[PDB]
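Asks: The following block contains the structure, expressed as structure tokens.
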Amino acid sequence: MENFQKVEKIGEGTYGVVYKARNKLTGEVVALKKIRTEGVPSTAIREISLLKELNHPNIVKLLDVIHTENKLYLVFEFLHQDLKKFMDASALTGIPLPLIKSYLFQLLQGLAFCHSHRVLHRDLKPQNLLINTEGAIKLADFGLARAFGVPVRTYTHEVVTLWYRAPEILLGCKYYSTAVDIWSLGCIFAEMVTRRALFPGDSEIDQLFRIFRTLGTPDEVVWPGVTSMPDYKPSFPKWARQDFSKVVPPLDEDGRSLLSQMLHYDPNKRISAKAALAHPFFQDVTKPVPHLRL
Ligand SMILES: Nc1nc(Nc2ccc(S(N)(=O)=O)cc2)sc1C(=O)c1ccccc1[N+](=O)[O-]
């Protein structure tokens, strides 16, 4: 900590606190995540160093990893705003479609890259997507397969957002696939368009049921194997799928077609990041400059 001047706290998670800080030596401004433990997991710490090699324009750069004094510090390149704040600042007007499209395209490139390197994000949400004045957007705060005991109560405690969680996770799947990130990104795409969260559940069952109420209760026809999943109950209510044109108006058919493919129930039917990049929706993609108030 003596090597870093804390300028201000820029957030807090269940097991980590994030500060904007300055390197007393270099003068470089960074985001510093501080994580508290009785020796700390080497396995979890392992995966970390791995992320250091994942360098891509749409992935926040992990500069350094420091284990010391029973604390783990992650130092990342600093960006000035997250998508959650940007969406809130743009709620009255809405983000222009060309910017929505550019951000979606860039995030898919980022995912295409991590997925081809067998890296999953696992917890995409607007707060973990960072933007800069040049029109770029980047994936931040990648989640580990396991880096700390199943989070359920933080020091001061904070409510975990389930809004972007894929249905297979909610149904108890033990192994996540790259498809979980595509689902989360589709939820974010919908939110940028409508200016309302797609599935705002306040509990795991409410989250699951909100997804079911919109996309219809899944069955073996659309999702083979779903009725044998760990948390599936034959007692789940059976909702009919809602007309998709009601879900994200006034998004055009190209956008709606791509979103429907990102939200397929079956992880194996859900579009890949690579395939999504080739979807007709991106035929006219460009890279606009966002109006950012910092
Ligand atoms: N790199 C980086 N930059 C940031 N700046 C920032 C500046 C302003 C705002 S805001 N609310 O719009 O004013 C938000 C973020 S956060 C961040 C992260 O890498 C990060 C992102 C999410 C969770 C945890 C971490 N983390 O582990 O450091």
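Asks: Amide H to amide H under 5 Å from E12: which residues, 5+ apart in sequence or cross-chain, H placed 1.01 Å off N in plane?
Replies: Residues meeting the amide H criterion: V18.
Asks: Putting +1 on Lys and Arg Cβ atoms and -1 on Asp and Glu Cβ atoms, find which of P250, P218, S228 reaches farthest to the positive end of the dipole of the range 182-259.
Replies: Value computed over the given set: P250.
Asks: Another question, if that's okay. Might you report the magnitude of the Cβ-based charge dipole of the range 68-111 about its Cα centre, with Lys and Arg at +1 and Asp and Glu at -1, to the nearest 20 debye?
Replies: Values: 4 positive and 4 negative charges, 29 e Å.
Here the size comes out at about 140 debye.
Asks: Given the pairs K138/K274; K33/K269; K85/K287; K9/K85; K24/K84, which are separated by over 25 angstrom at their Cα positions? Walk me through the numbers before you get to the answer.
Replies: Values: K138/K274 17 Å; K33/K269 36 Å; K85/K287 20 Å; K9/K85 15 Å; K24/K84 30 Å.
Among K138/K274; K33/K269; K85/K287; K9/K85; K24/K84, the Cα-Cα distance tops 25 Å for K33/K269; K24/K84.
Asks: Just going by the charge dipole of the range 3-119, with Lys and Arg at +1 and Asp and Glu at -1 on Cβ, which of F105, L63, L51 is farthest out on the positive end?
Replies: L63
Asks: Charges only on Cβ, +1 for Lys and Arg, -1 for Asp and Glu: so what's the dipole of the chain about the Cα centre, in debye to the nearest 20?
Replies: Working: 37 positive and 31 negative charges, 57 e Å.
Charge dipole, the chain, about its Cα centre: 280 debye, nearest 20.
Asks: Mean residue ellipticity at 222 nm from the helices of the chain, using -39,500 (n - 2.57) per DSSP H segment of n ≥ 4 over the full residue count, to the nearest 500 deg cm²/dmol? The partial results should precede the final answer.
Replies: Working: 8 runs with 86 residues, N = 294.
Result for the chain, helices only: -9000 deg cm²/dmol.
Asks: While we're on this one: With a cut-off of 13 Å, note down the residues of the range 115-158 whose backbone N falls inside the zone around a label point 7 Å from the Cα of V17 toward its beta carbon.
Replies: So the set is 155-157.
Asks: I want the local charge near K233. Using Cβ-Cβ distances under 14 Å, sum +1 for each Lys or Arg and -1 for each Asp or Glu among the other residues.
Replies: Numbers: positive: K238; negative: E204, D219, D231.
Counting the neighbours of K233, the net charge comes to -2.
Asks: Would you work out which of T26, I137, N3 lies farthest towards the positive end of the dipole of the range 1-151? Charges go on Cβ: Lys and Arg +1, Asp and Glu -1.
Replies: Farthest towards the positive end: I137.
Asks: Further question: Enter the mean projected area of the convex hull around the alpha-carbon atoms of the range 32-77, in nm², rounded to one decimal.
Replies: Details: hull surface 12.6 nm².
Averaged projected hull area, Cα only: 3.2 nm².
Asks: Additional query: Can you give the log10 of the normalised intensity I(q)/I(0) at q = 0.06 Å⁻¹, computed with Debye over equal Cα scatterers of the chain?
Replies: Values, matching the q order: -0.20.
Asks: Can you put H157, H264, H80 in order, fewest other beta carbons within 10 Å first? The partial results should precede the final answer.
Replies: Working: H157 8, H264 20, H80 14.
If I rank by nearby Cβ atoms, fewest first, I get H157, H80, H264.
All of the numbers you see were taken from the coordinates with simple rules; none came from a lab. Neighbour counts run over all protein chains shown; Cβ positions are idealised from the backbone, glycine included.
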